[PDB]
Amino acid sequence: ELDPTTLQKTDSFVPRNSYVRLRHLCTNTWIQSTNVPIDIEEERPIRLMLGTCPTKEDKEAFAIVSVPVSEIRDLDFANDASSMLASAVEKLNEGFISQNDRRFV
Amino acid sequence: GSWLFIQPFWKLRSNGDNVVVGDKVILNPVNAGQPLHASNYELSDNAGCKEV
Amino acid sequence: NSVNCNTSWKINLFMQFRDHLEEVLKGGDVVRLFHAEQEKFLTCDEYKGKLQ
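So, in structure tokens, the structure goes:
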């Protein structure tokens with residue numbers, strides 16, 4: 368569930384690029400950032416654990432940033448191309464590749 | 159010296175945003191530029207009162 | 211494939227044209243969660259053998 372961090376238009380639709388506070392409906396706990404790293408073993412830990420607590424802090428708020436559809440399309444194209452090239456690499460490693468497969472590559 | 163800037167104490171609030179009641183803020187003197195502070199020093203004459 | 215048949219397509223309205231506006235948060239949108247206080251982006255990835 369989402370909680371506004373500012374005045375809203377009579378509970379209208381959630382605006383784009385708007386700060387929100389996340390809460391767990393089943394537990395009724397609000398999200399919170401903890402400094403306990405998840406990769407303390409690493410020389411320079413970069414992963415910080417998150418936890419949900421019953422108390423709510425106005426400071427702990429996660430903003431939702433919209434991503435353009437073009438970026439998602441490019442990412443999907445990149446993933447699909449990587450998969451197809453991996454398949455072509457496997458075929459070449461096997462030693463035989465069909466002419467149609469070569470043209471597709 | 160009475161002039162004071164109200165500034166966001168929370169990263170969520172940004173300059174130019176409307177101040178909302180119940181929000182923690184920072185009061186910065188315009189000329190001095192050093193924010194107000196509730197120090198721990200206690201006045202001798204008054205008991206339990208700390209200087210600002 | 212295009213060929214004579216008896217197949218029928220049941221149209222289901224995922225989203226109306228009015229709701230298809232870029233000024234609102236719409237279901238199915240791809241978003242990034244950014245923690246304002248720590249100025250960090252929420253990430254999910256495999257650390258040792260499990261997603262965290």
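Those sequence lines, one after another, are chains H, V and E.
If you read the first sequence in the entry's author numbering, its first letter stands for residue 368, the second for the next number, and so on.
If you read the second sequence in the entry's author numbering, its first letter stands for residue 159, the second for the next number, and so on.
If you read the third sequence in the entry's author numbering, its first letter stands for residue 211, the second for the next number, and so on.
All C-beta atoms in this analysis are idealised placements derived from N, C-alpha and C, irrespective of residue type, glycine included.
| Item | Value |
| --- | --- |
| Close beta carbons around H/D370, own chain, < 7 Å, minus the five adjacent residues each side | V387, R388, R390 |
| Integer Cβ distance of V/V188 from V/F163, believed to fall under 8 Å | 6 Å |
| Alpha-carbon to alpha-carbon, E/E249 and H/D406 | 19 Å |
| H/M451 (DSSP reduced to helix, strand or coil) | helix |
| Amino acids of chain E, ordered along the chain, whose beta-carbon sits closer than 9 Å to that of V/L170 | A246, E247 |
| Between the CA atoms of V/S160 and V/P193 - distance to the nearest angstrom | 13 Å |
| Distance between E/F244 and H/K376 (C-alpha atoms, nearest Å) | 24 Å |
| Neighbour-count burial assignment, H/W397, 16 or more Cβ in a 10 Å radius | buried |
| Anticipated Cβ contact below 8 Å, V/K169 with E/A246, distance rounded | 4 Å |
| Bridge partners - H/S385, DSSP secondary structure assignment | Answer is none; H/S385 lacks a bridge partner. |
| Any chain H beta carbon closer than 8 Å to V/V177 | no |
| Opening and closing residue of the beta strand (DSSP E) in which H/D370 lies | 369-371 |
| Bridge partner(s) assigned by DSSP for V/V183 | V/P166 |
| Residue-chain proximity (H/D406, chain E), Cβ-Cβ < 8 Å | yes |
| Residue-level contact to chain V via CB, H/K426, 8 Å cutoff | yes |
| Cut-off 8 Å between Cβ atoms - residues of its own chain near E/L261, not counting five sequence neighbours on either side | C254, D255 |
| Beta carbon of H/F429 nearer than 8 Å to that of E/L252 | yes |
| Chain H contact for E/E256 (CB, 8 Å cutoff) | no |
| Contact residues within the region 374-392 of chain H, judged by C-beta distance below 8 Å to chain V | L374, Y386 |
| 8 Å Cβ cutoff, E/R228 in contact with chain H | no |
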